[PDB]
Structure formats: structure tokens, C-alpha cells
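# Overview (structure and organization)
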Amino acid sequence: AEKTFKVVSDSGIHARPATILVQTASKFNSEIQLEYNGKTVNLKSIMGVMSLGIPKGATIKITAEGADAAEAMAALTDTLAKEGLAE
């Protein structure tokens, strides 16, 4: 599964909200990735996520592969909204 988002947070995706995003991903059996500006990282790996330096206004893409991919995508959508990160 895949879904592209627009980052609406002033502080982009960093610090605690990024942490919460990684935690949501980690709940799922699926392998999950986050992409920004042509670089893809494992969304379950916080170092790699923090390394993307995703700023406000960014286009990002989340991909998931696995038995529960659709449920992961929906939970990640929810987290991005609850944390005021993206839509």
C-alpha cells in the first residue's frame, strides 16, 4: 500500500511527533517506509526518520508491505492528523 501526504506542521516531522509516528508504525507486522525527496527509510527506525529532516510543506510518501498493510496505512494517517503533521 502507498499514500502521499503534505506536511502541514510548522516544525516538519521531528522530535516527539516523529517519535509517535515511528511508534504507530512499529505496532504493525508490515514492513513500513517513509520517503521524502527521493530518499526512502524504514519508518520503524527513528534515526533514519530524523535523518530525512522533513520540513513544513514537504511532500512525503508512506509505503507498507504485509498482511496488515491497509490497517498500518490507516493508523499512520490518523497519527499524522492527530499530531498535526500531515494530510
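Looking at the entry header, you'll see X-ray crystallography listed as the method and 2.00 Å as the resolution.

This brings us to the packing of helix α1 (residues 15-26) against helix α3 (residues 69-82). For the pair α1 and α3, interaxial distance at closest approach is 9 Å and the crossing angle is 165 degrees. Taken together, the axis directions place α1 and α3 in an arrangement best described as roughly antiparallel. Remark: the crossing between α1 and α3 carries right-handed chirality. Contacts between α1 and α3 involve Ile20, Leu21, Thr24 and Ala25 from the former and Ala75, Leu76, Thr79 and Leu80 from the latter.

The end-to-end C-alpha separation of α1 is 17 Å, in line with the 16 Å expected for 12 residues at 1.5 Å each. Every buried residue belonging to α1 is among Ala18, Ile20, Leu21, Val22, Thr24 and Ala25, and all of these are buried. Its buried side turned inward, α1 meets β2 (31-36), α2 (46-51) and α3.

A few words on the UniProt feature "active site" in the protein. Cross-referencing UniProt, the feature "active site" maps to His14 in the present numbering. Topologically, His14 is positioned in the loop between β1 (2-6) and α1. With residues near it in sequence (within four places) discarded, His14 still touches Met50, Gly53 and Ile54.

This next bit is on the side chain of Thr63. Along the polypeptide, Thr63 turns up in strand β4 (residues 59-65). Side chain to side chain, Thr63 and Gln33 meet in a polar contact 2.7 Å long. Ignoring any residue separated from it by four or fewer positions in sequence, one finds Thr63 in contact with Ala1, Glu2, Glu31, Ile32, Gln33 and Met73.

Okay, the pairing of strand β3 (residues 39-42) next. Note: β2 against β3, four bridges, orientation antiparallel. Looking across to β3, one finds that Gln33 is bridged to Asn42. Once β2 ends, the chain turns through two residues before running back antiparallel as β3, passing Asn37 with a positive phi of about 60 degrees.

A few words now on the nonpolar core. In this structure, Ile13, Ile32, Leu34, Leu43, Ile54, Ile60 and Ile62 are the most contacted members of the largest nonpolar core, which totals 28 residues. Contributing elements (two or more residues each) for this core: α1, β2, β4 and α3. Considering each element in turn, this core owes the most residues, six residues, to α3. The residues contacting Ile13, other than those within four sequence positions of it, are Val7, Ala18, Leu21, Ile54, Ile60, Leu80 and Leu85.

About the criteria used
Residues numbered from 1 in each chain as written, not as in the entry; some residues may be left out. Heavy atoms only, no water. Axes fitted to C-alpha atoms, helices over the stretch in contact; angles between N-to-C directions. Helix = DSSP H or I, 4+ residues; strand = E, 2+ residues; numbered from the N terminus. Parallel < 35°, antiparallel > 145°, perpendicular 65-115°, else oblique. Left-handed = near helix turned anticlockwise from the far one by under 90°. Contact = heavy atoms within 4.5 Å. Expected span 1.5 Å × (residues − 1). Buried < 20%, exposed > 50% of the residue type's maximum accessible area, 1.4 Å probe, protein only. UniProt positions renumbered as here; feature names shortened; annotations may be inferred. Polar contact = N/O pair within 3.5 Å; in protein donor to acceptor, adjacent residues only side chain to side chain. Pairing = 2+ DSSP bridges. Core = buried A, V, L, I, M, F, W, Y, C linked by side-chain atoms within 4.5 Å.

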